[PDB]
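The structure tokens that follow cover one protein chain in two forms, given apart as structure 1 and structure 2.
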Structure 1
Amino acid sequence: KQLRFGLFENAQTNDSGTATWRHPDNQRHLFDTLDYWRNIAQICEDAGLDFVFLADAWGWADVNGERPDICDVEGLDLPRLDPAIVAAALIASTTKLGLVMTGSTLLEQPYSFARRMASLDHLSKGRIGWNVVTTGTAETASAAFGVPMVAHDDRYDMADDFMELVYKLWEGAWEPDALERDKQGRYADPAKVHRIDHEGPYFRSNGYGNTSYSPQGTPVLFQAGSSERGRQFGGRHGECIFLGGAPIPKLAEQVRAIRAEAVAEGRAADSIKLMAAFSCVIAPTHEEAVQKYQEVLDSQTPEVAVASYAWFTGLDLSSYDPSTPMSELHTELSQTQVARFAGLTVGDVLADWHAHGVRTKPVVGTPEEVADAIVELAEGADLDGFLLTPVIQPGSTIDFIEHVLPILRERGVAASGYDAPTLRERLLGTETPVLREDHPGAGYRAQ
């Protein structure tokens, strides 16, 4: 079984509720420069990584109504760039690397979003993916857009409606062979260009779509959101499911449950790909790697913890008795960030939240030790790939590529290069760039 590998990034200085930016070798304070992204993309493409993945957020770290000063002192949450713009710039600098961007069904307008993603897919020749999210910063983000807040599960219902409309725009509006471009004949076959009609609980659309059928039709659908309602949503729509890290027995059960959701939705159990976040700290000896990790931790101040947690949950941990069990608390925002701490207390969470944030504890050791841990995770949890989540950039990515990936390639668990030209062919193993017939999006094709 050949695993897929992508790089997790985001267009801001820090990520995932941590703040490693002060580490001497970290360079992502340059995230607002194109040279930073050109460098990252060239590193990944030269190595043959399947894709670079851009996370996104729309809101900010509001604590009990205001944003504490530490958020600016540490660049915790803001400022950021728009992922679609970063992705479009990286198209021009790459030829084979996949580009996956996070996009919110809560805050995008589906008609404009459909045109934007199809434009990226046209210009990149089918290298685009979309990580479907319902936005974990939903409360502040709604305020910034001037619209009422939408509850957690309703955002997944709204996302269902969002998907049906973009499926119509991407798959039903223009048939794949509509464009003929024959100067002696027809530019397009009118019989293959259709008005679409959509009247859902959240979205309405009537008319033609702006973009013609793109190389992949629909961008590769990533999905990140491992709440119960999110797992149902990913089991229905997601082609590649991004999972946070966890002990192998817990990760195996999550993978099993998500494959069973896909089966209950009429999809083949193997037609959905499960990819785990994976962070690592690599050094020539195990003791050196442990020390390297200590230096990363030493750069992070604990004072970010409360605002960081409030950024994703709206919960102010500093206002409860630290013995309060997390099982008693609820959020309409990032529900996995509460549910993952069931059994623990508020004081437990607040004790080392700053160290990992929403992220996973790293695997720390020699290159062989880290490669062994990747294989153990993939076999033990039935995973299809990994998104490398760096602790500092570009060092964490360079270290993995230079020292761990070659062992994985020699063991035959990582491919040596770019076999297929589109992201879907590469990730899903199809020999067609378009959605499988047992995917919901296929049902909206002109038949």
Structure 2
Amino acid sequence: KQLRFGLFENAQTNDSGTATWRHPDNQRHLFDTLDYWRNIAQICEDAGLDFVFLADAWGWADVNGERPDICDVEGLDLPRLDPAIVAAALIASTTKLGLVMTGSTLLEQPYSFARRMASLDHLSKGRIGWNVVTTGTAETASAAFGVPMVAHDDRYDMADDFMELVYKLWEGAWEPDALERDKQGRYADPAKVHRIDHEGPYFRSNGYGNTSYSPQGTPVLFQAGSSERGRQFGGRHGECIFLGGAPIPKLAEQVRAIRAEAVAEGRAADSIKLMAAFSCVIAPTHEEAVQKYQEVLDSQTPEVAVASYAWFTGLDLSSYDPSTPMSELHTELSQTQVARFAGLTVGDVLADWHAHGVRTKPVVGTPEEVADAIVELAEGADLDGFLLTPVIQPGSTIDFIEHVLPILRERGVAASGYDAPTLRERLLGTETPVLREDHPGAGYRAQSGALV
């Protein structure tokens, strides 16, 4: 089993509730220059990484109903760039690297979104993926768009309706061989160009699709929802599921559950790929790696943690002493919070948040120790790959590539280069660039008997 590796990026300086931008080796304060992205992409492509994944966000920080000064002083939330634009600009400087971007079913218009993603897939020759997001933090983003809030219980129903429409546009509107472009013959075969018809609870569309059938048809579908409804959505539509950090026995159960959901959806258990978020700090000795991790933590302003904790969870902890038990708060807590905080103090909670926010806890050690950790995760939890989540850029990515990946390649668990041109062929380990027949999007193909 050869594992796949991708890089997690954000088109902004800080991510995931942390703020290590002041670290002397951190360069992502330069996120708004193309040279930052060209350098990152060339590092990944020279190493044979399977893809770079661009996360996204639409909203901003909300601490007690306002956006406090510390959000600007430490660049906690803003500004950012549009990931589709970054992805498109990286097409020109890469040839094999996959490019994966977040796109929101809550805020995108499906018809223009389908044309945009298919245009990326044409120009890149089949290297595009889409991380399907439905939630976010939604409250700020909705006021930015002037649109009403969609209840949390309906967001995945809206996402289901969104998927049905983009499947019609990507798979049902133009047959794969419709374009002929023979100057002495036909431009296109009119019998292979179809009007679509869609009338759902949230979206409606009637008529032709702008873009013809792209090299992959549908971009590789990534998904990371962790709620019960979110895992059902991923088991039905996701080809690659991103899992956040957890102990090996918990990851193993999550993987088992997701494969079982895929099976209940009529898909082969191994036709869905599971990739875990993975962070590391690498140095030539274990003691130096521990010290290097401490220096990352020391680079974050101490006041950040309590602000970003309130933003991400809604719980404001600023007024309390660090020794205050989490049982003795003023507010009442969901049951979930009382179980997770059992025996902890405010200082415990903020110190843990300071260290990694919602990012995975890093594996800290020598190159061989980090490589051993990767193999134990993969064998212990039945994983198909890892999403590298850097703590400092570009250094965290360079360190992994230069010191860890060679050990993994020697051990036979990482590939040596690029043996397939499209993202789907490489990730799904097939010689077919289009969706599998047991995937829902395949049911919309006109050449296979779909309606209209």
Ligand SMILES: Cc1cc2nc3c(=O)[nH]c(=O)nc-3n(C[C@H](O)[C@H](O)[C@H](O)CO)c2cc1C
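For residue numbers, the reference is structure 1: its sequence is counted from 1. We call the rigid core the largest set of C-alpha positions that still match within 1.5 Å between the two forms.
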item: Identity of the form solved without the named molecule, given as 1 or 2; value: 2
item: Listed options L78, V263, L297, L350; Cα moving by 2 angstroms or more between structure 1 and structure 2 (core superposition); value: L350
item: Exceeds or equals 2 Å, Cα of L329 between structure 1 and structure 2, core fit; value: yes
item: C-alpha of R340 moved at least 2 Å between structure 1 and structure 2 on rigid core; value: yes
item: Large Cα move at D316 between structure 1 and structure 2, threshold 2 Å, rigid core; value: yes
item: Rigid core superposed, the C-alpha shift at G225 between structure 1 and structure 2 in Å; value: 1.1
item: C-alpha positional change at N64 between structure 1 and structure 2 - rigid core reference, Å; value: 2.5
